[PDB]
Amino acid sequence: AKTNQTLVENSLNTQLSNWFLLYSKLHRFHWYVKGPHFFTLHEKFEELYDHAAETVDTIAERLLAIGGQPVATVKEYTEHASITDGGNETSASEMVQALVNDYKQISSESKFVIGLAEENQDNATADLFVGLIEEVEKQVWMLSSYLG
């Protein structure tokens, strides 16, 4: 009950941390992408980081609204995330693949947050993450199509 609530809050802090580190990674890809798909991917990556920033603010405000305490420092993001903004990507295909890998991991982990939220009778927290899955699975299809 109190444990159910704490499990939900902790899971939101992990996802908040993932989305902040993804916003960071997307800057790295925006800045270092090269080759003849430069214009397309430089722009796409900025669109994606704008969406990541929105998501950061949406998760943190939902956590606050349920009585929790969002993590809010880069050291905390690094300690609580299940992903990293690091990596050794150089080519356009490696960058696009890296994003497919992070968005697939976020989709699976968001499904686990829905289960926790539902177990705590928190339909609004569940609904937030259902909407996220929709958006990230769309981008996995587009990014996977780029690579096909």
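Counting begins at 1, following the sequence as shown.
- Taking the mean C-alpha B-factor of each stretch as recorded, 45-53 and 87-95 are not equal, and the higher mean is that of 87-95.
- Between the stretches 115-123 and 23-31, it is 115-123 that shows the larger average CA temperature factor.
- Among the modelled residues of its chain, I106 has a C-alpha B-factor that falls in the lowest third according to the deposited record.
- Sort the modelled residues of the chain by CA B factor and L63 lands in the middle third.
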